[PDB]
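Provided below as structure tokens are two forms of one protein chain, presented individually as structure 1 and structure 2.
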Structure 1
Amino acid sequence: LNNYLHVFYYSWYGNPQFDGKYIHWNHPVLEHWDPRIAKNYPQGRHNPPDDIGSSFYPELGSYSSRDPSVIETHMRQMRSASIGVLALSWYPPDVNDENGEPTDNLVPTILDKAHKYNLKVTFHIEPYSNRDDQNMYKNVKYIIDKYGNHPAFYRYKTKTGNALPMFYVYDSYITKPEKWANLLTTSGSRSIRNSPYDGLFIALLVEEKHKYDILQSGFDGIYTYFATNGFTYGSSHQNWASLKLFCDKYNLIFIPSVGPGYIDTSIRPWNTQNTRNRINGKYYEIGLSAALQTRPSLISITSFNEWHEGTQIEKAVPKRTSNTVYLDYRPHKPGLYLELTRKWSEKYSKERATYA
């Protein structure tokens, strides 16, 4: 199993059988700002189980994230792809994304199923409202306290030989660098350094200018997130060679993010310009290759199951309804992207042995 390969996991899906209502599968269609353009595009909410807010359709159907057999199936799928760590999208207690319900309750149940299958869980801290250094302190404390002692809880073994919690921080540039300094540098106001709530904090790099923002802040590494090649400076594959060199120069952990494709037109119908076709896994493989060539300490995959954005590697079946033809993995099997991940996971693990 590959402890140096991470996948972004989402636990925000609900259905009537396990939740009493659909959550996320019933997604609003997001109206365009200009009435002239919005007139022409679908409006309202998707009506599951047949009509979901995705271009693809899951083998497990419009599933609930809290269904224990679903979590188990997911774990087995990851296992079969040689992914060791799942980076769990996280919001604080009783907070959630705008189309979801709080998901911190699932964490104990997710950890259990992860350990059952010898997987590790790390945390992907979402931009919850009024996130700053203070409540970031509180929430890092929360995570390490509640979940730190669980056997599935992920720690990365440093060069020093000290195993530390990892935190991926999405949209980290929202908070000013000098506020992050309070949390992330040794002399900071509310510094987590050399305390029991220490960790490797990974900042999201969108733009070139952020290199210096991140340096100031005290972050331990950078990650690119976006599946779309060339959507941002960071998600452009060509800029990776450059970013690796920068991270090695200032002792940062560079974690590139690779995706199978992108299509979110089921919930943003104008946004065809950002669609990247999977071209039967060739786009995913060109991604992985580019990521491997940087000789990185870790690699991340966007995503396991972001169904809305069409970036999932989870199993997907062909499906057609009264007025939709879902995209599928044909001519290949439902497990294609898991099967491809495995091949590249193994190549990576054998190569990584020679730069450790």
Structure 2
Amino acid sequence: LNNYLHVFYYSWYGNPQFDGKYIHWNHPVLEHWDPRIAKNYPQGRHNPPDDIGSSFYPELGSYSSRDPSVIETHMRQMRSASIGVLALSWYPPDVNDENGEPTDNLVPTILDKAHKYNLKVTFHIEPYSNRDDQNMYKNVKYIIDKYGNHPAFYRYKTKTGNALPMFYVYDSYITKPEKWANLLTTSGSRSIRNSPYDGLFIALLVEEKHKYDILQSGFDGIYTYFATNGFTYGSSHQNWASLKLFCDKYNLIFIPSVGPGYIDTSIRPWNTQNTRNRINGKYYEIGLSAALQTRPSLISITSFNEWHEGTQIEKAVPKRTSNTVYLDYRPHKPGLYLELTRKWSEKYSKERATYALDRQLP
């Protein structure tokens, strides 16, 4: 099991049996800002179980995130892929993404099941409304207080010093560097540094210029998230070497994000430019290789189960309806992306052990 391979995990799916209605599977088709364009594309809410807001279809159907055997199945697959950590998409209590319901109440279950399969759970802080340094203090405190003592709570284990909680902060650039420094620098007015709520905060880098803002803010690392090679400066493989050089200089953890493909045209029909065909694993393996070549401290996978953007490595099956041929992993099996990850996890795990200075060869 690889403690340095993280995967982004979503717990926002619901169905009639466990949630009293469908959630997320019935995603609306998103409206292009220009109405002259939007009118040429589909409109309205997908209708599960046969019509869902994904280009692929899961082996578990249009499942519920709070169905305990779904959570267990997911824990199995991750373990079997040799992924040690799930980075759980997180919104504060009684808050949600605009197309979903609250999910913080499910965290205790997920931690218990992760523990059962000896996996760890870190937190992917979403851009909730009015997120700032002040309510980020409160939420870091909350997370560490409520879940910090749980045996599946993730901490990055340094060789010396106390192991630190990790927080991936999606859309960190929305908040100005001077606000972040209140929280993340040593002498900031609401500094968590050297406090019981310290951790490793990882910022999303989109554009190259965001590098400097990230330094000024006091973040401990960067990650790139997007599965589409070429969508952002950060998500382009060719820039990964430089980002790594930058992070090395400034003592930041570089965490590249690798995906198996991308397709979101079931909810963003206009966004065909960011589609990337999986070509039977080749796209994903080009990604993993590019990540490996930078000799990173951690690698992140986008994603376990973001079905809307088609970046999932979770088991998918062929499916056809009277108007839809879903994409699938044929001619390979539903577990293809799990098997490819297991391969590359083991390779990373072996190569990574030779990075450290104490391990360096004569």
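Residues that one form lacks are left out of the comparison. FYI, numbering is relative to structure 1, first residue = 1. Here, rigid core means the biggest group of C-alpha atoms that superpose within 1.5 Å across both forms.
Task: Conformational change between structures 1 and 2, one of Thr186, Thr160, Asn149, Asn130, C-alpha moving 2 Å or more after core fit - done: Among the listed residues, the one whose C-alpha moves by 2 Å or more is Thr160.
- Core-aligned CA displacement of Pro331 at least 2 Å between structures 1 and 2: After core superposition, the displacement of the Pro331 C-alpha between structures 1 and 2 stays below 2 Å, so no.
### Message
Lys319: after superposing the rigid core, is there a C-alpha shift of 2 Å or more between structures 1 and 2?
### Response
After core superposition, the C-alpha of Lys319 moves less than 2 Å between structures 1 and 2.
- Query: So with the core overlaid, does the Cα of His27 end up 2 Å or more away between structures 1 and 2?
  - Reply: Comparing forms between structures 1 and 2, the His27 CA shifts below 2 Å.
*asked:* Core-aligned, what does the C-alpha of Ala38 shift between structures 1 and 2, expressed in angstrom?
replied: C-alpha shift for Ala38: 2.2 Å.
message: Can you give me the Cα shift for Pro269 between structures 1 and 2? Core-superposed, in angstrom, one decimal please.
response: With the rigid core fitted, the alpha carbon of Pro269 is displaced 1.1 Å between structures 1 and 2.
Can you give me the runs of at least three consecutive residues whose Cα atoms all move 2 Å or more between structures 1 and 2, with the core used for the fit?
Residues 31 to 39, 158 to 162 form the shifted runs.
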